[PDB]
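Let's start with one chain on its own, the form deposited in one PDB entry, as structure tokens.
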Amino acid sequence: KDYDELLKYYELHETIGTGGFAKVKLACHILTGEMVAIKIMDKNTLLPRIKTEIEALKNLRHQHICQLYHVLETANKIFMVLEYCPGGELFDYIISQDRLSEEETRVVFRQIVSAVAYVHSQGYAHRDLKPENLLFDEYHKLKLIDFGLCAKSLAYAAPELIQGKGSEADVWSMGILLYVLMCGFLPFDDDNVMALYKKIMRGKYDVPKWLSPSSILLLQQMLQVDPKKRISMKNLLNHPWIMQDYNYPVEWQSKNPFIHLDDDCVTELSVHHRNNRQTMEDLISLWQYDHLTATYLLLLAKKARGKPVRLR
């Protein structure tokens, strides 16, 4: 019924995810054959957390940020078509490994820093950074996924954010996350909501015996309860610990920002549709996030993966 529309462009598969706001299905984009993940929201039962996520993602274009391809609103649904990340949540990857060496943690964490730092460079704060919100793509690289709370879980929430006293609070979070990567459990936890608050406000947590002193100092600079004493985003990029084994700062700028429309891609579409090239060109530049945008973008994903730009 609400599905009549989507079923035009995609073949639906199994639910691969459930959040509090959305059910998320593996689907295949019929025209290009590419796998995608679609986030399905009931407009009735919930709030405009959605308007935020979509406003955000249309403005964030980055190798570590999940790409948005297509929005469709129905009589009752909003459907969001995203880059499919077959790797699984980062949370799930810790669970199986127990915890990560510092070397692997660096590799991973530098990608979180890249994404978050680029997010801040655009004027936003994610505000809900945590492992369940970082997914591994087909290349095993991380993609950040969940932007309902982008601004222009309580265990990850900075003490000043708990207090209502945005960017520093992402550092805090990224600090809770680094802890989780290295030790494989939360720095602060408790069955009781307010007891867990107390813990977060005290900022005192276990320091496991496998952490290198560089690690432990890092944690201590990120996990400063007082925001004003917290490592700023700027020196996180080139901290000694961050640079170990790499010796350059984190590369946070977009390696693939929007410069020109793709030469080759405009062509496969005006060829497939039998449409004047120039009208095809002109209509892509509407950036509507309709099935036209989708097909275009998904054909760039073919290019970035080194696949032929072809339509079946």
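Each form is matched to the other, and the largest set of C-alpha atoms that superpose within 1.5 Å is called the rigid core. From 1 onward, residues are counted along the sequence shown.
> Is residue 17 unbuilt in at least a third of the other PDB entries compared?
Residue 17: modelled in every other compared entry.
> Any chance residue 165 is unbuilt in a third or more of the other entries we compared?
Yes; at least one third of the other entries leave residue 165 out.
> Please say, as none, 1 to 3, 4 to 9, or 10 or more, how many residues of the deposited sequence are without coordinates in the interval between residue 152 and residue 153.
Per the record, 10 or more deposited residues are absent between residue 152 and residue 153.
> According to the entry, how many residues of the deposited sequence fall between residue 46 and residue 47 and are not modelled? Options: none, 1 to 3, 4 to 9, 10 or more.
According to the record, 1 to 3 deposited residues lack coordinates from residue 46 to residue 47.
> Looking at the entry, does 271 to 279 or 32 to 40 show the higher mean C-alpha B-factor?
Stretch with the higher mean C-alpha B-factor: 271 to 279.
> Out of 63 to 71 and 259 to 267, which one has CA B-factors that are higher on average in the deposited record?
The stretch with the larger average C-alpha B-factor is 259 to 267.
> For the listed 175, 148, 187, 240, which has the peak Cα B-factor recorded in the PDB entry?
Max CA B-factor in the entry, restricted to 175, 148, 187, 240: 148.
> Of 214, 163, 221, 232, which one's C-alpha B factor is largest in the deposited record?
Spelled out: the listed residue with the top C-alpha B-factor is 163.
> Ranked by Cα temperature factor within the chain, is residue 26 in the lowest third, the middle third or the highest third?
As the PDB entry reports it, the C-alpha B-factor of residue 26 lands in the middle third of its chain.
> Which third, lowest, middle or highest, does the C-alpha temperature factor of residue 288 belong to within its own chain?
According to the entry, residue 288 has a C-alpha B-factor in the chain's highest third.
> Please rank the C-alpha B-factors of the chain's modelled residues and tell me whether residue 133 sits in the lowest, middle or highest third.
Within its chain, residue 133 is a lowest-third residue by C-alpha B-factor, going by the deposited values.
> When the deposited Cα B-factors of this chain's modelled residues are ordered and cut into thirds, is residue 139 in the lowest, the middle or the highest one?
Highest third, going by the recorded CA B-factors of the chain.
> Using the temperature factors of the C-alpha atoms in this entry, rank residue 208 within its chain: lowest, middle or highest third.
For residue 208, the deposited C-alpha B-factor lands in the lowest third.
This next part talks about the form deposited in another entry, which is not shown.
> After fitting the rigid core, tell me which of 141, 239, 99, 77 has its Cα displaced by at least 2 Å between the shown form and the other one.
So the residue whose C-alpha moves 2 Å or more is 77.
> After superposition on the rigid core, does the Cα atom of residue 265 shift by at least 2 Å between the shown form and the other one?
After core superposition, the C-alpha of residue 265 moves 2 Å or more between the shown form and the other one.
> Has the Cα of residue 64 moved 2 Å or more between the shown form and the other one, judged after a core fit?
Superposed on the core, residue 64 moves its C-alpha less than 2 Å between the shown form and the other one.
> Using a rigid core alignment, state whether the CA of residue 251 is displaced by 2 Å or more between the shown form and the other one.
Stays below the 2 Å threshold, so no.
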